[PDB]
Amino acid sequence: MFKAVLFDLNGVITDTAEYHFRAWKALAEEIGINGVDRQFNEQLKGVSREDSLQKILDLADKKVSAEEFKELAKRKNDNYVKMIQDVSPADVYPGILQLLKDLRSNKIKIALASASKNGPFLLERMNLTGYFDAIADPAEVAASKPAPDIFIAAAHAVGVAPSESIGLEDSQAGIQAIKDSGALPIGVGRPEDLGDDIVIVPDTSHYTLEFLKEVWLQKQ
């Protein structure tokens, strides 16, 4: 049986997307750029901070220096960090706490494999830290998703090979990173985004220990 589960954070454990959206919208309002609404924000999901800022500048054909660019990106981040201060246990997605409890009770390792530089903070705010055996630090990997680095790191940190692990992800790049690590992906979302060659569940309430076991046994 699998020995570890490698969890992404955003779209698996909780949603930070609302806060990202609000942070960008506030920045755009401050600098006078129209058009940063919820529909536009879909173009920012899974996009780097710098590429997201550039998309917003492009709305106004706005040109800035490297130092101005850096400062704007910083201000967005400051907005975001302020906005996540009220994250709480109520923000944990359905099924996730029970899964964490059941993994722990069965001595299956639990690791975070998130791109978030606020991962430890967010897990503390949600009261989840006690379930995690390790958090892979995204600042210490050489390459971001879809590179496998973060999943390799997460598995190794809990003393397992990726081949002994399941990865849980909501993004295409995440799924590719799990695949390339050697771990078994189980997506949450739709195959249009994630691919049709992996198991996908419609929402996190389907991530149960019994389901993970079923998936692992079918893989063999």
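Each residue number is its position in the shown sequence, starting from 1.
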Looking only at C-alpha temperature factors in the entry, 123-131 or 78-86, the higher average sits in 78-86
Looking only at C-alpha temperature factors in the entry, 183-191 or 154-162, the higher average sits in 183-191
Sorting the chain's modelled residues by C-alpha B-factor and splitting them into thirds places residue 17 in the highest
Split the chain's modelled residues into thirds by Cα B-factor; residue 98 lands in the middle
For residue 141, the third of its chain by CA B-factor is the highest
Residue 35: CA temperature factor from the record, placed by chain third, in the middle
Chain-relative C-alpha B factor for residue 47 (record values, thirds): the highest
